[PDB]
Visitor: 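One structure follows; several queries about it will come next.
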Amino acid sequence: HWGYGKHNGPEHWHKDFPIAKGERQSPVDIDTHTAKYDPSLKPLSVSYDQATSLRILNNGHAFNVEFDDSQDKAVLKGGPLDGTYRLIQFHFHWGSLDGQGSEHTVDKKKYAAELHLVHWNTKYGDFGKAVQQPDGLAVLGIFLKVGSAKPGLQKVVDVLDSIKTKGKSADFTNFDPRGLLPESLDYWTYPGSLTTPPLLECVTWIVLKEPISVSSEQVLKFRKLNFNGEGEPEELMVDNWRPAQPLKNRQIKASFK
Ligand SMILES: NS(=O)(=O)c1ncc[nH]1
Ligand SMILES: [Zn+2]
């Protein structure tokens, strides 16, 4: 099954998931001179005051920090969205070196990593239903560049040594995802997909223009994770990103001028 290596990576996914070559795939390159400022877009509403993190899991592709999504405790609303989307998990995509790692690009620039806060539309009742719908998910994408440390990232990076290999999880309560946000909520938005199999076309992408800064030491610790299971030959978890996909018949809108 699928992964990020030469033999099972993005160029192979279409064989088991033919939607890989569909009309609304992600990620995409954001051409900042083609995206149109849309003065009808609202400010995002990111309501994470009551967020309840539970657990962190190495799933063999990335690590997910999971939230209690059994009530409306951490929600994304506003922006291009209608209705209420509950945070279920966040995760990252990152590179073997700082010059690559992000899935979205900005005028072809790749950032060192990209954070995805994944939310599902409550009008569909559960995540498995939501991913069957064109407006089922909203993913908030945040670029990471390497410079100064991100203080609110450090609790994530210090637990990584305890979930080194596929299938390992650890308690991860009381984490505040508001410490992963940049200062500005200006964003681009377009209709797309999950960037991992099954690649379903159910996502409203909201990608923030302002990257967060993380330290070289912080991203080095991401790169010490493993794709493999315990006791298996070591395969460092690096380069777990899908490259940019054709934009096709889609328009990327900017919330800012
Ligand atoms: N990478 S992504 O945010 O499209 C995603 N979320 C859950 C599975 N894949
Ligand atoms: Zn992702």
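Quick note: residue numbers are just sequence positions, from 1. As a basis for the values below, the full set of heavy atoms in this structure was taken, side chains included, without hydrogen atoms, waters or symmetry mates. Ligands are counted one by one from 1 in listed order, and the atoms in each one are counted from 1 as well.
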Visitor: Vertex the Zn ion (ligand 2): angle to NE2 of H91 and NE2 of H93, to 10°?
Guide: 110°
Visitor: Could you check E235, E232, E234 and say which one makes a salt bridge (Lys or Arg N to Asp or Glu O under 4.0 Å) with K164?
Guide: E234
Visitor: So if I count the atoms of ligand 1 from 1 in the order they appear, which ones are less than 4.0 Å from some heavy atom of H93?
Guide: 1 (N)
Visitor: How far apart are the C-alpha atoms of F256 and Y187, what are their side-chain angles, what is the distance that settles it, and do they pass the side-chain contact (heavy atoms from CB on, under 4.5 Å) test?
Guide: CA-CA 7 Å; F256 58 91; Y187 62 89; 5.9 Å; no
Visitor: Under 3.5 Å, N or O to N or O, is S193 touching ligand 1 that way?
Guide: no
Visitor: Which of the atoms in ligand 1, numbered in the order shown and given with their element, are less than 4.0 Å from a heavy-atom of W205?
Guide: 3 (O), 4 (O)
Visitor: Please check this pair: side chain of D135 against backbone of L137, looking for a donor-acceptor N/O pair closer than 3.5 Å.
Guide: no
Visitor: Could you list the atoms of ligand 1 found under 4.0 angstrom from a heavy atom of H91?
Guide: 1 (N), 2 (S), 3 (O), 5 (C), 6 (N)
Visitor: Short question: side chain of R24, backbone of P134 - any donor-acceptor pair under 3.5 Å?
Guide: yes
Visitor: If we count only N and O atoms by modelled type, under 3.5 Å, do the side chains of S26 and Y190 hold a donor and an acceptor together?
Guide: yes
Visitor: Nearest non-hydrogen atom to atom 6 (N) of ligand 1 belongs to which of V118, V139, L140?
Guide: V118
Visitor: For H116, counting its heavy atoms only, list the atoms of ligand 1 lying under 4.0 Å from any of them.
Guide: 1 (N), 2 (S), 3 (O)
